[PDB]
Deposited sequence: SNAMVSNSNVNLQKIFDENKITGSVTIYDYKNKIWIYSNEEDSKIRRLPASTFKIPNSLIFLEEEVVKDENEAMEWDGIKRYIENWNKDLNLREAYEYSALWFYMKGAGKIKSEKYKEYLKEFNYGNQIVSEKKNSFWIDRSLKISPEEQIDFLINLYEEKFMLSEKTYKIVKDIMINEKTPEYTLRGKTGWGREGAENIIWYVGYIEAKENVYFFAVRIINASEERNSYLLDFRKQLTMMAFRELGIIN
């Protein structure tokens, strides 16, 4: 059973916010791809902190931490987010997007091992630079919105060769909003390529006896507007869902 590409209101949300980029959604039960701009969905950009999804799978499978409650030791250096300035476990590091925790954990993993996971995960261009503790923020590794979704579908279906415990823990820590209507798993990331700020929100939402995988990626050239867009990316995603009838 093959997919279908759905048949303008989504592009309007971008236009009214003076942004480019796109929203891409995959309706799992019906096998429908929904694009605000199908050609943008094929363009690879750095994943930034959206990489904390695969990196969390890798940390558990490779035994960097035993589970999501095991704290990693903070080096005592004050950093600019106060929630970062303490020992953190995987659940907290994910929630707070604590780069130091993932950089420290990546030191326990060889570059060739990461390349093995990037192959298993079909993770974009699968490039690891010499910066083997930060290749997801240095523009070496790049991934498209379509590829984010395909990776997330495989995670949901548990198609990768990972243990049951790894999947169970990561699916739980990924939940960042739950109501009686829906369970949302979504992760932000952002960075800059050239003059373009790149703002991601990727994940999947369980709703309506279905699953909707999503990859929102905002392109913003305006310095003055970037902080608002960081605050707006999740609400933009929710607006797209409401426009499509996915949630009320």
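Chemist: Can you list the gaps, in order, where the deposited sequence has no modelled residues?
Modeler: That stretch is 8-9, the only one.
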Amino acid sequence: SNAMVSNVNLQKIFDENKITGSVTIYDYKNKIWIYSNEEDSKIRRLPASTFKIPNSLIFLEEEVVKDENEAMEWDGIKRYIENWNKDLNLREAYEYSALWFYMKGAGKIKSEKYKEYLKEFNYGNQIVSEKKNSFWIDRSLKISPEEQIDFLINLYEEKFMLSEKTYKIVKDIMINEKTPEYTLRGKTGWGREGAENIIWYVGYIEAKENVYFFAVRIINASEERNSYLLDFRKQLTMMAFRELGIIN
From here on, numbers count along this sequence of modelled residues.
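Chemist: Name the higher of the two by mean Cα B-factor in the PDB entry, 15-23 versus 235-243.
Modeler: So the stretch with the higher mean C-alpha B-factor is 15-23.
Chemist: Going by the B-factors listed in the PDB entry, is the mean over the C-alpha atoms higher for 208-216 or for 190-198?
Modeler: Comparing 208-216 with 190-198, the higher average CA B-factor belongs to 190-198.
Chemist: With respect to the C-alpha temperature factors reported in the PDB entry, which of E164, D172, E147, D138 ranks highest?
Modeler: Largest recorded C-alpha B-factor: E164.
Chemist: Could you tell me which one of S49, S222, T179, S56 shows the highest CA temperature factor in the PDB record?
Modeler: The record points to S222.
Chemist: Relative to the other modelled residues in the chain, which third contains the C-alpha temperature factor of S36: lowest, middle or highest?
Modeler: Middle third.
Chemist: Using only modelled residues of the chain, where does the Cα B factor of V5 rank: lowest third, middle third or highest third?
Modeler: Middle third.
Chemist: Using only modelled residues of the chain, where does the Cα B factor of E157 rank: lowest third, middle third or highest third?
Modeler: It falls in the bottom third of the chain.
Chemist: Please place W100 in the lowest, middle or highest third of its chain according to the CA B-factor in the PDB entry.
Modeler: Within its chain, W100 is a middle-third residue by C-alpha B-factor, going by the deposited values.
Chemist: Based on the entry's values, in what third of the chain does the Cα temperature factor of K142 lie: lowest, middle or highest?
Modeler: Bottom third by C-alpha B-factor.
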